[PDB]
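See below for the structure under consideration.
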Amino acid sequence: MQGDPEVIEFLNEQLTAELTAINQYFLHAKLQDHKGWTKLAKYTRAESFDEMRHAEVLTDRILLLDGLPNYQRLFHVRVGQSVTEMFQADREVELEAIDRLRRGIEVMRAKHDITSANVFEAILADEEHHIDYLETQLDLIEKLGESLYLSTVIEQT
Amino acid sequence: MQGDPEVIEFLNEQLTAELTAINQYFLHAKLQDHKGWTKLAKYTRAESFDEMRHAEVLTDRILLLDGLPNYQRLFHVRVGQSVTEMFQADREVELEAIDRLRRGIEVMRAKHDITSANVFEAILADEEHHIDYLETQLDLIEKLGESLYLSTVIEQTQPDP
Amino acid sequence: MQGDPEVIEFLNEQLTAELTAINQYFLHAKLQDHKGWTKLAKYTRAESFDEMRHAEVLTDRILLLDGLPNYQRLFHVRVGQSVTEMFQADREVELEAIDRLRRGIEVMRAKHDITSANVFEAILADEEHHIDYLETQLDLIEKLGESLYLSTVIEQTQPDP
Amino acid sequence: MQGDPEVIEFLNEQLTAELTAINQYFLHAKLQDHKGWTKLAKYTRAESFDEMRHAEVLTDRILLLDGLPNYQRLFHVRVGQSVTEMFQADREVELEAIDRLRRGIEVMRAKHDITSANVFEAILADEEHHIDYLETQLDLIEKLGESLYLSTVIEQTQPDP
Amino acid sequence: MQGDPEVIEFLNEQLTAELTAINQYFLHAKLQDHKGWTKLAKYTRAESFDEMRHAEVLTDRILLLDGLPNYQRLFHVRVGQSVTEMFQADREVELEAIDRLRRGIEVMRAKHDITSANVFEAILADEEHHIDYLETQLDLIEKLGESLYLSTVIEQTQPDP
Amino acid sequence: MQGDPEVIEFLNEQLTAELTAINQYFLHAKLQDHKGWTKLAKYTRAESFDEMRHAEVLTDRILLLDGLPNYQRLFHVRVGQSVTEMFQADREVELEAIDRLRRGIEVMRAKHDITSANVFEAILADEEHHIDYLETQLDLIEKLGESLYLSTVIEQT
Amino acid sequence: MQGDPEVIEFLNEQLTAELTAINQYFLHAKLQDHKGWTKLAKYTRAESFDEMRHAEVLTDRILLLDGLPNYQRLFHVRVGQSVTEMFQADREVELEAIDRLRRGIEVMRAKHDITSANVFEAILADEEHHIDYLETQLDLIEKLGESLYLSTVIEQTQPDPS
Ligand SMILES: [Fe+2]
Ligand SMILES: [Fe+2]
Ligand SMILES: [Fe+2]
Ligand SMILES: [Fe+2]
Ligand SMILES: [Fe+2]
Ligand SMILES: [Fe+2]
Ligand SMILES: [Fe+2]
Ligand SMILES: [Fe+2]
Ligand SMILES: [Fe+2]
Ligand SMILES: [Fe+2]
Ligand SMILES: [Fe+2]
Ligand SMILES: [Fe+2]
Ligand SMILES: [Fe+2]
Ligand SMILES: [Fe+2]
């Protein structure tokens, strides 16, 4: 088929965000593992792979609509140094996704591309779950302090 | 059969208390899980299911006595915000249960409804065990502080799915 | 995050409806089991547990939106005596759910809370399935009569336990 | 190869009859399942799939004879509302099949298309079995009445899915 | 319940389209199998069974809305003779489906029948996937030619049993 | 028992055709395997063994009717050289069977030897299936060409 | 510890090349699967994941040397439309890899960071294996033609399943 160019622009924009999220989450995961934050890195890594699944779902639909998936562009990768900064950086990415998905759902349904809208709806629910994890961990960091929090994730390995 | 009206009232009062405890314990479990207090939420949730079995036992006995089990009323559900408040609130529920069940057992045996008394006797021992856990946790919180205590119950997961 | 207050009001209203439905369906199941309506009670009981799943899904989303899930309020629990009344009562509850869910999906989508809308959309499909079961059972009762209908659900079992 | 045009006309006519029967039996099964006539719907559904096997066998033979299988035409689908009407409608379809198959076997054998005749002979035996089931169920409905008969096929299940 | 007449009409129109697609896809699968296009027939046949599940889902929803599912009407079944014509014909069916479903979803949501809309939404995604395969195969045929393309789907078997 | 001599003549004539078909299909199968037409030879060989089953069924009935099965006579074995010729030769054999079975069914049923008629009816359906395979392959050869068709059946072995 | 800045610059440049290759190979695999070139897409995809291992090995070493792995920069992603173009594009990426790794190995050994050199030596052999496959397929396409070659990789499935 051939999609609506504005719908394809939306898919490619979210695709750029996922590729950005993949790099950010993967690098944070490697930073946390290297700092010895074993249990936390394991979670961040899996979040990275989930963004890859989002990228592949978007790519599939872009191709079905006869668009060219954008694998060249990246947004600015946020790199945190402390555990608090890493969660805050990753939360910022998911907050931009939310808005980048909400607006896309309204256009896609207005232009009747319901299947593309549902791709965004599913990603939106996932991103909302992840931000909930990030904000829950940040609340934990505020209550426990960074050291006590970090103490729960390190592993003699 | 047809129960003694005062006995059925005692059973229905405890049933109201269980329905309240189910909601209170379930919401505390969900609140703790949402705050990332993983291992603690698992325990609070299981306690919620205990009160559900208590509710079903009470309901069974009321029907056998030909009464109408009360599924309409709730007492005031106490919602804590900190971990201490949650344990204190749930302790309050179990304190009233312990008082209500003991008074009911004496009346039920006085009116010769021995089987109804034994239902309360079984629930009472359960409620006493639960209050013992709550008071034990509160003692741990006082000794360790909320943060160190919470540190032992968190797990990399923290979900709302 | 923080939801739109009207959206949370919708979620909390439906949560109130589910908690009512849980109590109504569970009591009907216990009433039916006590009357010896064995196979029918098994189904009504399972319907109760489905409403618990609806309640838990709603509770999760309310917490994610930083609201306070309402475990204090119940609507009026409708209690039937005959099989026909029980089905009619449970049908009335699902009719009110279906109306409120349609209203919420439109508001949630207009305010862009698509994830909350989809939570309602899934519950709505379940409630529509359930009302369809109730109306089909009601049609059977009209065709067979209560006695002949009840004869298909009786089983050699005990009342209490 | 290339068949006798009249033989292919016979095969295509029966294929039209089967495609009609598939639709009629499947819709009756879905109608019966929706009314809660569970065990009866399972049987009617299986009857539908048998007619699909008849359709596929006929289609294969038409292609071997280099004809064009007719998937465009349907006869009038008879839709009953009561159980009695549904059985009467499905019986009417099998009566017309049985008459046409006997006519085709004689023509096919006279024109020496023995393999086509045997395709009809096998379908005829199946349709005769099916009409025998319908008439036996109809006799039961007359003896028991619709309500008592329906009571033997009801089951604790859902309408849709 | 009782559906909106326009919603039930949309559902029945798509149901007519599925019944047409089932016949069209099944006959193409049988025609390809009879021509020895073994691996391709297996795929076309499976697509036929997808449309049957679509038909059953639509039928289920129409009955829940108290409509009469239309098992009487077929649209024009498009029959190709070459491999290209068959893919082009089946693409045409999916083009109309995609148009019909999108218009129906907007109306169904406008009339607040959200569950009916979601049935169409699920079918739409399936139809879009199928058209994507058809257009992909057509591109392969244009690049390779019919003969080379066919060479990849033939197997020593070529049956009509 | 004792069969009708005309019925036994029919059985023995079809038996001669099967013994002929066995040799023809077997030799074609060996020719195709020797030319490296691996997947095709496997099919032709199995068709050969099916004609053997026909021969045995005919022999059994001839013996039941107290006739002497003819294992001495053969019709002319057609040997093709190209793939097209082999299919055309085997199709010719099955076309003669069809006619040799149709006429036999009418006589056997007229003379009331229904069981012998049914032996022919079963063979007729099998032969009709086989000719359908032959004509389908020939149509494939016409559409693809001999080389492209042969390319689908060869095996490094 | 702390590596030599020039070594870390070499590692980060190869890391950029790997991130470029992951995207390039993954998109080629998705393009080929979407065109129905089933068996070939399977191969290109696996090549994408192998480049992911290279990135993870490179990231690990950069972190050990207390550098900041660069996950921000990409080289130009080459997207071909025909099969030949896709193979030619992927060969171009590997050709730049071979040159960069050889200079890095010599510098890394001269500066006594032998472990970093061996990381490059291992990747170097993998890239050479991959280039040999690409040139072999390109030779097959030249002998067979694009159409005949493509016929050997297609399978009845050809979707965009998600
Ligand atoms: Fe994502
Ligand atoms: Fe209790
Ligand atoms: Fe309850
Ligand atoms: Fe519910
Ligand atoms: Fe609950
Ligand atoms: Fe059908
Ligand atoms: Fe039939
Ligand atoms: Fe069929
Ligand atoms: Fe469909
Ligand atoms: Fe032999
Ligand atoms: Fe034979
Ligand atoms: Fe990636
Ligand atoms: Fe690499
Ligand atoms: Fe990656």
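In what follows, every chain begins at residue 1, and chains take the letters A, B, ... in the order their sequences are listed. One-based numbering, in listed order, for ligands and for the atoms of each.
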In E:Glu127, the N, O or S atom nearest to the Fe ion (ligand 9) is which?
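Checking each N, O and S atom of E:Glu127, the shortest distance to the Fe ion (ligand 9) belongs to OE2.
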Restricting to N, O or S, what is the name of the atom of E:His54 that lies nearest the Fe ion (ligand 9)?
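Output for this pair reads ND1.
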Heteroatom N/O/S of E:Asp50 within less than 2.8 Å of the Fe ion (ligand 9)
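So E:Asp50 does not bind the Fe ion (ligand 9) by this criterion.
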Counting backbone and side-chain atoms alike, does E:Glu94 have an N/O/S atom under 2.8 Å from the Fe ion (ligand 9)?
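Checking the Fe ion (ligand 9) against E:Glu94, no N, O or S atom falls under 2.8 Å.
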Run C:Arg73 and C:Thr16 through side-chain hydrogen bond (donor to acceptor under 3.5 Å, both in side chains) and show every step you take.
CA-CA 6 Å; C:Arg73 286 221 164 176; C:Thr16 296; over 6 Å; no
Just wondering, do D:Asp33 and E:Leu63 contact through their side chains at under 4.5 Å, heavy atoms?
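Result no, sub-4.5 Å side-chain heavy-atom pair not found.
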Name the residue from B:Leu27, B:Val77, B:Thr20 that meets the side chain to side chain contact (heavy atoms under 4.5 Å, CB included) definition with C:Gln72.
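Only match with C:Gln72 under side chain to side chain contact (heavy atoms under 4.5 Å, CB included): B:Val77.
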Quick one: CG on E:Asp90 to NE2 on E:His130, what's the gap to the nearest 0.5 Å?
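Answer rounded to 0.5 Å: 6.0 Å.
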